[PDB]
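Undergrad: Residue numbers (the UniProt record's numbering), protein chains in the order written: chain A, 35 to 308; chain B, 883 to 892, 897 to 1170; chain C, 780 to 793, 801 to 892, 897 to 1226, 1237 to 1240; chain D, 309 to 691.
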Amino acid sequence: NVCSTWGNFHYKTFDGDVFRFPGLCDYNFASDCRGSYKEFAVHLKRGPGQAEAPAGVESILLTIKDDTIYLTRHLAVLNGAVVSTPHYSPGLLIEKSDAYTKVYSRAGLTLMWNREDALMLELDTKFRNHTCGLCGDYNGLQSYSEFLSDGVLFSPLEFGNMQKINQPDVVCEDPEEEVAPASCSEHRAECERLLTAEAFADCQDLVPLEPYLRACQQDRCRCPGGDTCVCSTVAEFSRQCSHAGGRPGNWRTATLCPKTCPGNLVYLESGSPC
Amino acid sequence: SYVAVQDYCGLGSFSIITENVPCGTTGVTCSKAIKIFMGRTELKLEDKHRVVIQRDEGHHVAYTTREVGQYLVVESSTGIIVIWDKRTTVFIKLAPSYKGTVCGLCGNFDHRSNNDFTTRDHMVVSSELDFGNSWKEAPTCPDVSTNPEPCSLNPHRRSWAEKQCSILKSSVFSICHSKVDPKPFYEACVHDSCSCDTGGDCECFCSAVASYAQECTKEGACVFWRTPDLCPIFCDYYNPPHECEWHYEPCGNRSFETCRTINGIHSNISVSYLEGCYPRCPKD
Amino acid sequence: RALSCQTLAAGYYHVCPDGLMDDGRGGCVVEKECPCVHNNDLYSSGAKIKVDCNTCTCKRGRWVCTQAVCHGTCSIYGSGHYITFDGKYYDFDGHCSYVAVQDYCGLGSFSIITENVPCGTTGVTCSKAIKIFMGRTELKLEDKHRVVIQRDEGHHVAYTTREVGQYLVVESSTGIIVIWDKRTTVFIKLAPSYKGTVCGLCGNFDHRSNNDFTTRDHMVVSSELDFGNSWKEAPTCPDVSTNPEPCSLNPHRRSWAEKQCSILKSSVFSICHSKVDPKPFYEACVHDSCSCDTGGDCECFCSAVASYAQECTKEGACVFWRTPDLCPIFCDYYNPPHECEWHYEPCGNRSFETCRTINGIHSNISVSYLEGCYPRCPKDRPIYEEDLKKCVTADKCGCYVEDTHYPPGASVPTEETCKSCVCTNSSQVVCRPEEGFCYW
Amino acid sequence: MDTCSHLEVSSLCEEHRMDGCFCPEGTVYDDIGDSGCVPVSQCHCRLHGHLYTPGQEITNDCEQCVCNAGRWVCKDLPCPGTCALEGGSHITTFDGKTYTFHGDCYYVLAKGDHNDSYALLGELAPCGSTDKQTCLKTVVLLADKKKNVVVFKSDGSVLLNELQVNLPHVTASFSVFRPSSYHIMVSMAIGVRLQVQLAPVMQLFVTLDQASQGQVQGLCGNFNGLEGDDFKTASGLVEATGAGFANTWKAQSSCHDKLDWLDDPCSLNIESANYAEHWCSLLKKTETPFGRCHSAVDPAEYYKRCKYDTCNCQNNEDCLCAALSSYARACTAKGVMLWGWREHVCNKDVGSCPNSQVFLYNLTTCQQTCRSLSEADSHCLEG
Ligand SMILES: *[C@@H]1O[C@H](CO)[C@@H](O[C@@H]2O[C@H](CO)[C@@H](O)[C@H](O)[C@H]2NC(C)=O)[C@H](O)[C@H]1NC(C)=O
Ligand SMILES: *[C@@H]1O[C@H](CO)[C@@H](O[C@@H]2O[C@H](CO)[C@@H](O)[C@H](O)[C@H]2NC(C)=O)[C@H](O)[C@H]1NC(C)=O
Ligand SMILES: *[C@@H]1O[C@H](CO)[C@@H](O)[C@H](O)[C@H]1NC(C)=O
Ligand SMILES: [Ca+2]
Ligand SMILES: [Ca+2]
Ligand SMILES: [Ca+2]
Ligand SMILES: [Ca+2]
């Protein structure tokens, strides 16, 4: 299935289980804990804190069984050498569109990342019962062992803290437990109305709704003022809509997180990149 | 990724693409995978295997994949054939019905060789680098500016390369000297041997010599050039424990009975000149 | 108090009841029937195994072995890797003629020299020829052939040259043996009568390895580059100062070398992991692959892997590691047109009949563990003649006089006077006198 | 020609003769010096440079030699042996033979074979997260006919017979001292000497006299001069790997058996490889303070082990400093003493010394307090 991360430190494992882990140092996004041989490992690196609303990513390290890919905001490095995208090796494909950077591997790994905040990873069914990264395991169980391993119901923050990676030159402090804020249920109507619009007709049966609106709940209250933090969720909802097989309409208006491109190029959803 | 062949030439039915990547440190590049588009089906020859993709629902233009000698052969019922040696060599064979209806790096197959440098926009140019650069697939790919000289950038490897490749001009291939001009193959051997400077340079040389030996066979000169010290081949690996039925056939001139031809299935070309190990199945 | 047949000698300082002790195989057993262990293998009581010249027996959980002195072995291989008679690995990269072994140690009976030359551009050097001085005769192994020089008039110390598997074996009746793979590897074997009376790059063979760095003038040093430099032959040859690091001087070749040489650590050699430590062979493989940067680097790798496969065979693990894409071997080239008799024997464990051993001649070492292609002569002419590599009848093989093969019937050359010789039609060399003065 | 070093050339002469300048019947040509065809009994010896006359003596490491006519004549001198347990798992026997174990049990490091003389144990156990990160946790000594058990834990807190003890503690049979609060030095009248280092990582050094050659068994070998029978089990034959031999010396039957580990930690933790290299490579830099020792002790093995330890363990700086402080002990045993090598790398505690205390490199035992001078001969163990 798909593991995803977006928005204001919003995460989503291979079995749903949407939570919020505002870590900032470095983490093991995904890995292959088969025990015998590690096929792949995806390591995520957050930023120093861009601002209150956004939550970017500095760089991504991705090793597949012999080679490492280091993806930054502006350039991609393969085995210590800068490569002019796209690249067509017989076991690995890297391509750099304007809206995404995509990596395809023959082992059954697909990675898609827009250079600012949104990242998603897809694995085949071969790696079930073996994933051990921050995306939880891939047994298909809904929060079975990710949070309740030995009877103790792990809180999201402590579960995320265990997935850290120790860089032996810098000490980075883990985030402290924040005071439990009020359940931002006063903005539920706004989130439900915005998300369940007309442009999202033919995906109401492909993707659920509860998790993505619960995510909008905190997003709306935790992010006062500009709506740079709520429309980053419905974007993820649309991406999930498009990835399943559906086709959304157009929802971005001139007053609802619009976007601009040079010339008469028209911003759309669900159109062929070719 | 460059267009090897296609008939979407100015609405067409197929296309064959190639994927070149660097192999060495002198800047030269070599083919490492092949992609075949036929109607809607897409085959990919890669990592010593054939992989099917986007197989169409109910058209499935009849194609056939099999392995002959050391080569892998793909044939399409429409009249296209691709022969791949699994490392770098590719032969594309086209029916005569596709005459003067193709474009790409392989020219337009019109029995006229003063117009094969036709760019993507139907201009005839005089520079190799201008005809080549116009058939790239991704616009962001860079443009080639010069042809590097391997033996000049790696002087210390020249002495070896010029010594091993000299077998082409030696008395071993004396029968073939009057039937194939060896100079363009000697130059290819020397050029390749000076460039494989990152590992496994005994595999660049054997293929180079085999390319010329194959033509010598094709014109009617079957020559036996492999020795236990020069590009050895290990055929009896395939035999059952100690029954001897696989044999190295120097020039493939042997026709036996498979379970395809036993039911009337036949090809449309002769591939009876491909090197490799062949069976000699028993009489029971 | 819980003994386990493995803590017997420990002491139990810090389940089964009193008496019986755990055996590690299952239920509790008495001390008398306690088994033995060796190389991660569990042998019951009363078993038998051999160690390179002897035989042992698991008696009471303890091994009892015969006491005979095995031969001594020195190894030279790769781009300057040496193993002395007493088991002390080291490296040395010289460009001159060095004394591999000799008996003129401060009057002597032999000497074995070597010729190291540069191979690569990183400064490393490798052996490419051998010279053997025996009495006055001088053999030279060179260009994949053996050349006799200065053959003495009438002493002609008995030796024997033959070809087993992929290797060339030269034995001497005195007790010296040289095994050469024809590219760079060399094994020198000595009988136990030379103990503590030799000197050279291979140590002095006295079952004591803290004094194998003895220089030419009987001084014990602690540096490889001083021990090596003192055994050069021509005084004008230069002196080595530092050991080159190939993979550091050729960074772009590392990725390949570390990927091909990784097979040693893969599952293919899983059987041999508990019997031979692979690390000192993996290091040599990587070191050799980074250096062969002037051509033919697929040959530096196959020999490196074969050096370890041979030891695995020698210790009792026959492993089949060649494939049509990895160091292929072309054996049936030797067969007649299409009759199939030559077979690739992965670990050489075959004892057939030649026309030497048919007449009672026997060697003194077991070379039944050398890789290569071997004959399987048919049942209508089952005697393997070696000097022509031919399966022939027991009658028409040869004569093998003065280390020179002569076909049956052929008039045998003779360096004597008035003595003509002929190989009979019965594989018998017989000589007659000629009274043309001289008599019988 | 015979040239005063390469004697008996003529016996291997594969050439015929011609004219030229030669030497008389005797008086082999002088090669080491620069004179002419001098007699045989004037050959000057050499030893890494200096030209020694025929009659000048010298004393090498464990032997003394005299320049006879062209060739040295040497005679052995007594010199003891040393076993070392360093890093998490790195054991150097009395005859070299380095190997890596990664065990988990009590083990018999070394014990006199006769029946009772002594015994020295050591706790190797998992130390971090995985099984491949081990440590030494406790040293147990069984002496006085195995009627006295002394325990050293890795927090100080030395204790005798399950009872805390005060230092110094001198007895008739052995003695213990603690000169600098991070080093515990024990001497035994039999001929055994122990050094225990408590920071940054616990380590052990054992030294034995040369009158006990072949009468010791344990993980430290037999100490007989041959380093091929070191893996010779206590039940006959010799083993091949480093873990197979070690398992046979467990002090607790309940422990399991381990196997070798065919991997390099610098390939599993990529983020640490650059750090490990950038610092451990200092050992080969001639301009660096360690460059001085290059003359005496080769640094290659220490460099490789430095990379191994820095990549493997999770306290990378602590392992780096522990590995880097083993080279500066081997070198400080052959004269060359590395002064002021803590200025860039492991100065984390150099400036933390108390009020009047300062970091010293030659802090020997008898630089002690007033009472040490009060006796001045009770506790000045040598060696
Ligand atoms: C060799 O060429 C002939 C000529 O087309 C192929 O025969 C065609 O087969 C397809 C389906 O098998 C039919 O739809 C065509 O009508 C046939 N052509 C003709 C002219 O009748 C034949 O298939 C080719 N060989 C192989 C192995 O496919
Ligand atoms: C194997 O070793 C024996 C032991 O010496 C060799 O036998 C010697 O042979 C020579 C000449 O053939 C005799 O002069 C010696 O007297 C023999 N030795 C003894 C002890 O009698 C035998 O030759 C060796 N094997 C080979 C093939 O040479
Ligand atoms: C393990 O089995 C398969 C993969 O092997 C997976 O689909 C399933 O969910 C897993 N179940 C458990 C209990 O781990
Ligand atoms: Ca789950
Ligand atoms: Ca044309
Ligand atoms: Ca010795
Ligand atoms: Ca020993």
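Backbone N, C-alpha and C define an ideal beta-carbon position, used for all residues, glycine too.
#1: Inspect the CB distances between the stretch 1046 to 1060 of chain C and the stretch 1074 to 1085 of chain C and report whether three or more fall short of 8 Å.
#2: Using 8 Å as the Cβ pair cut-off and three pairs as the minimum, do the stretch 166 to 175 of chain A and the stretch 583 to 597 of chain D touch?
#3: Could you give the uninterrupted runs of the alpha helix (DSSP H) lying entirely in the stretch 1051 to 1090 of chain B, keeping only those of 4 residues or more?
#4: How about residue 950 (chain C): is its Cβ closer than 7 Å to a heavy atom in ligand 2?
#5: Could you check whether the Cβ of residue 35 (chain A) sits closer than 7 Å to any heavy atom belonging to ligand 4?
#6: Where residue 780 (chain C) and residue 526 (chain D) are concerned, what is the direct C-alpha to C-alpha distance, given to the nearest angstrom?
#7: Compare the Cα-Cα distances from residue 80 (chain A) to each of A:261, A:127 and A:45 and report the closest residue.
#8: Along chain D, in chain order, which residues have C-beta atoms closer than 7 Å to that of residue 62 (chain A)?
#9: Using 8 Å as the threshold, is the C-beta distance between residue 390 (chain D) and residue 485 (chain D) below it?
#10: Taking only beta-carbon atoms, is residue 918 (chain B) less than 8 Å away from chain A?
#11: Given a limit of 9 Å on CB to CB distance, which residues of the stretch 614 to 627 of chain D reach chain E?
#12: Compute every distance between the C-beta of residue 530 (chain D) and the non-hydrogen atoms of ligand 7, then say whether any falls below 7 Å.
#13: What's the call for residue 240 (chain A), buried or exposed, on a 16-neighbour Cβ count within 10 Å?
#14: Residues near ligand 3, CB to any non-hydrogen atom under 6 Å, in chain order?
#15: Would you call the stretch 1126 to 1138 of chain B and the stretch 1108 to 1118 of chain B touching, i.e. three or more CB-CB distances under 8 Å?
#16: Residue 456 (chain D) lies in the beta strand (DSSP E); which residues open and close that run?
#17: Taking the alpha carbon of residue 921 (chain B) as the reference point, which residue from B:1103, B:913, B:940 and B:914 has its own alpha carbon closest?
#18: List, in order along the chain, the chain A residues whose C-beta lies closer than 7 Å to that of residue 692 (chain D)?
#19: Do residue 167 (chain A) and residue 42 (chain A) count as a contact pair if the criterion is CB distance below 8 Å?
#20: If you run the structure through DSSP and keep just helix, strand and coil, what is residue 574 (chain D)?
#21: Shorter than 7 Å, the distance from the beta carbon of residue 178 (chain A) to the closest heavy atom of ligand 4, or not?
#22: When the cut-off is 8 Å and only beta carbons count, does residue 310 (chain A) lie next to chain B?
#23: Any idea which residues DSSP pairs residue 1163 (chain B) with across the strands?
#24: If you drop the 5 nearest sequence neighbours on each side, which residues of the same chain put their C-beta closer than 6 Å to that of residue 567 (chain D)?
#25: So is residue 401 (chain D) buried or exposed if we call it buried at 16+ other beta carbons inside 10 Å?
#26: Would you mind stating whether residue 995 (chain C) and residue 871 (chain C) have Cβ atoms separated by less than 8 Å?
#27: Would a check of beta-carbon distances place residue 560 (chain D) closer than 8 Å to chain C?
#28: Quick check on the contact list: which residues have their beta carbon closer than 6 Å to a heavy atom of ligand 6?
#29: If you measure beta-carbon to beta-carbon, which residues of the stretch 1044 to 1061 of chain C are closer than 7 Å to chain B?
#30: Looking at residue 119 (chain A): is its Cβ nearer than 8 Å to the Cβ of residue 1026 (chain B)?
#31: If residue 865 (chain C) sits next to residue 914 (chain C), beta carbons under 8 Å apart, how far is it from one beta carbon to the other, in whole angstroms?
#32: Measure from the alpha carbon of residue 1081 (chain C) to the alpha carbon of each residue in C:911, C:1004 and C:1202, then state which is nearest.
#33: The alpha helix (DSSP H) spanning residue 268 (chain A) covers which residue range?
#34: Where do the N-terminal and C-terminal ends of the alpha helix (DSSP H) with residue 612 (chain D) fall, by residue?
#35: Could you check where the beta strand (DSSP E) with residue 827 (chain C) kicks off and where it finishes?
#36: Please give me, in chain order, every unbroken run of the beta strand (DSSP E) with length at least 3 that falls completely inside the stretch 132 to 201 of chain A.
TA: So, from the listed chains and residues:
#1: yes
#2: no
#3: 1069 to 1079
#4: Counted from its first residue, the third sequence places residue 950 (chain C) at position 160. Checking the Cβ of residue 950 (chain C) against ligand 2 gives yes.
#5: Taking the first residue of the first sequence as position 1, residue 35 (chain A) is located at position 1. Because no heavy atom of ligand 4 lies under 7 Å away, the Cβ of residue 35 (chain A) does not count as near it: no.
#6: Taking the first residue of the third sequence as 1, we reach residue 780 (chain C) at position 1. Taking the first residue of the fourth sequence as 1, we reach residue 526 (chain D) at position 218. Going by the C-alpha atoms only, they are around 21 Å apart.
#7: Here residue 80 (chain A) corresponds to residue number 46 of the first sequence, with the count starting at 1. The residue with the shortest Cα to Cα distance from residue 80 (chain A) is A:45.
#8: For this step, residue 62 (chain A) is matched to residue 28 along the first sequence. What residue 62 (chain A) touches in chain D: nothing, since even the nearest Cβ is about 11 Å away.
#9: Reading the fourth sequence from its first residue, position 82 is the one you call residue 390 (chain D). Reading the fourth sequence from its first residue, position 177 is the one you call residue 485 (chain D). No, they are not a contact pair.
#10: Looking up residue 918 (chain B) in the second sequence gives position 32. Residue 918 (chain B) counts as touching chain A.
#11: Among the protein chains of the structure shown, namely A, B, C and D, there is no chain E.
#12: Along the fourth sequence, read from residue 1 onward, the residue named residue 530 (chain D) stands at position 222. True, at least one ligand heavy atom lies under 7 Å from that Cβ.
#13: Against the first sequence, residue 240 (chain A) aligns to sequence position 206. Result: exposed.
#14: A:162, A:163, A:173 and A:174
#15: yes
#16: For the purposes of this step, residue 456 (chain D) is taken as the residue at position 148 of the fourth sequence. Its beta strand (DSSP E) spans residues 456 to 461.
#17: The residue labelled residue 921 (chain B) in the question sits at position 35 within the second sequence. It is B:940.
#18: The structure shown does not extend to residue 692 (chain D), since chain D is modelled only from 309 to 691, so the question has no answer here.
#19: Here residue 42 (chain A) is taken as the residue at index 8 of the first sequence, counted from 1. Here residue 167 (chain A) is taken as the residue at index 133 of the first sequence, counted from 1. The answer is no: Cβ separation not under 8 Å.
#20: Here residue 574 (chain D) is taken as the residue at index 266 of the fourth sequence, counted from 1. Looking at residue 574 (chain D) - three-state DSSP - the assignment turns out to be helix.
#21: As a first step, residue 178 (chain A) is located in the first sequence; it is residue number 144 there, counting from the start. Checking every heavy atom of ligand 4 against the Cβ of residue 178 (chain A), one is found closer than 7 Å.
#22: Absent from the structure is residue 310 (chain A), since the part of chain A shown begins at 35 and ends at 308.
#23: Counting from 1 along the second sequence, the entry for residue 1163 (chain B) is found at position 277. Looking at the DSSP assignment, residue 1163 (chain B) forms a beta bridge with B:1134.
#24: Here residue 567 (chain D) corresponds to residue number 259 of the fourth sequence, with the count starting at 1. For residue 567 (chain D), where only same-chain residues beyond five positions count, the Cβ hits under 6 Å are 551.
#25: By 1-based counting over the fourth sequence, the position of residue 401 (chain D) is 93. That one is buried.
#26: In the third sequence, counting from the first residue as 1, residue 995 (chain C) sits at position 205. In the third sequence, counting from the first residue as 1, residue 871 (chain C) sits at position 85. For residue 995 (chain C) and residue 871 (chain C), yes; Cβs fall inside 8 Å.
#27: The residue labelled residue 560 (chain D) in the question sits at position 252 within the fourth sequence. With 8 Å as the cut-off, residue 560 (chain D) counts as an interface residue toward chain C.
#28: C:872, C:993, C:994, C:996, C:998, C:999, C:1001 and C:1002
#29: 1046
#30: Residue mapping note: residue 119 (chain A) aligns to position 85 of the first sequence, counting from 1. Residue mapping note: residue 1026 (chain B) aligns to position 140 of the second sequence, counting from 1. Against a cut-off of 8 Å, the Cβ pair of residue 1026 (chain B) and residue 119 (chain A) comes out as a contact.
#31: Walking along the third sequence from the start, residue 865 (chain C) turns up at place 79. Walking along the third sequence from the start, residue 914 (chain C) turns up at place 124. Right, their Cβ atoms sit about 4 Å apart.
#32: Working through the third sequence from its first residue, we reach residue 1081 (chain C) at position 291. Among C:911, C:1004 and C:1202, the Cα nearest to that of residue 1081 (chain C) is on C:911.
#33: As a position in the first sequence, residue 268 (chain A) is number 234, starting the count at 1. Residue 268 (chain A) -> alpha helix (DSSP H) spans 265 to 278.
#34: On the fourth sequence, residue 612 (chain D) is found 304 positions in, with the first residue counted as 1. Counting along the chain, the alpha helix (DSSP H) containing residue 612 (chain D) begins and ends at 608 to 620.
#35: In the third sequence, counting from the first residue as 1, residue 827 (chain C) sits at position 41. Residue 827 (chain C) -> beta strand (DSSP E) spans 827 to 829.
#36: 135 to 139, 143 to 147 and 153 to 157
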